[PDB]
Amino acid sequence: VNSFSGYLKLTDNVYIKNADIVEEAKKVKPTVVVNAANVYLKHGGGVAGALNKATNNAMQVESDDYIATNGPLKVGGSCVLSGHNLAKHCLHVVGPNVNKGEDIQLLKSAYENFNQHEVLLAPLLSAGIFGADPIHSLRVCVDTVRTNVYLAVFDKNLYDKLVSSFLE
């Protein structure tokens, strides 16, 4: 039903909230939740682990079936699969892992995938275990995404830093 509440409006199409993306998905029942995926859709840690656990591993079983027949994604690419109990659809998006030396320039390609969907619940791509600067990821989101994006950031200190930096 896409009933988003409690978000700051950063721009005409980008919103942010200090919240667990899993709890937001259960409250909002969005058309699309974004997963911060890797190319073989191994949902072990960070956002991907939280989402998969909240589906009681249904996301991992579906992802394994997709990989078996289609092979891995490319960095910057995406894949629509079922959203299980969290959303109608899950958009699995692969941002660059800069900790593994992947090219940060592909973060724009990663966010471009959002433009195929009118409204998304999403995390900050490539932040967290992927090692990108969270402020940079928010700027690439704001500069690249034209559709309505509701960002959920769990950590209060990171959220307050992001909002402070954006509002300079």
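Just count from 1 along the sequence shown to find any residue number. Under this definition, the rigid core comprises the largest set of C-alpha atoms superposing within 1.5 Å between the forms.
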| Between 71-79 and 94-102, which one strays more from this form in 9 other deposited structures of this protein if you match the rigid core and compare Cα atoms? | 94-102
| message | Quick check: 102-110 versus 117-125, which has the larger average CA B-factor in the record? | response | 102-110
| request: Check the entry's C-alpha temperature factors for 27-35 and 59-67, then say which stretch has the higher mean. | output: 27-35
| request: Would you mind checking where the Cα B-factor of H84 ranks among the modelled residues of its chain, as the lowest, middle or highest third? | output: middle
| message | Taking only the Cα B-factors deposited for this chain, tell me whether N18 sits in the lowest, middle or highest third. | response | lowest
| message | Taking only the Cα B-factors deposited for this chain, tell me whether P134 sits in the lowest, middle or highest third. | response | middle
| field | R146 by Cα B-factor - lowest, middle or highest third of the modelled chain | value | highest
